[PDB]
């Protein structure tokens, strides 16, 4: 598969029907429908950049995930930085502790779309730019940090 791009991912919006997401993502040329999710690939290297899309019971988009379409531009994550964070922080308090440029916006979810509550916003913050670098993982539920983990930082 081939052809999924950052510009396509930005065009795709919550509540869109599975059929519309599929078409705008590039359909069979670019995507695989795994049932639980749709995976759409930038190029034939299926370890390469890709978007994933998930649907509610009504087949409307509620969840966008991306790997290397928008990577962390300056990966610098270190364990001392991970140790500044604690669950209960607001996003502002978090970004004062952790530089935004070291994190990738991994996923955004609105499980109750078209209602906007229960928003989950997930970040992966790697320590270096090489693939599979040690990283920290963070989840905000409605703007409060509810999950944090890491392995092998620095």
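Positions refer to the first chain, counted from 1.
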Taking the mean of the C-alpha B-factors per stretch from the entry, tell me the winner out of 102-110 and 41-49.
41-49
Per the record, averaged over C-alpha atoms, which has the higher B-factor: 112-120 or 29-37?
29-37
Maximum C-alpha temperature factor, selected from 11, 18, 144, 131
131
Sorting by Cα B-factor within the chain, modelled residues only, which third would residue 92 end up in: lowest, middle or highest?
middle
Can you tell me whether residue 86 has a C-alpha B-factor in the lowest, middle or highest third compared with the other modelled residues of the same chain?
middle
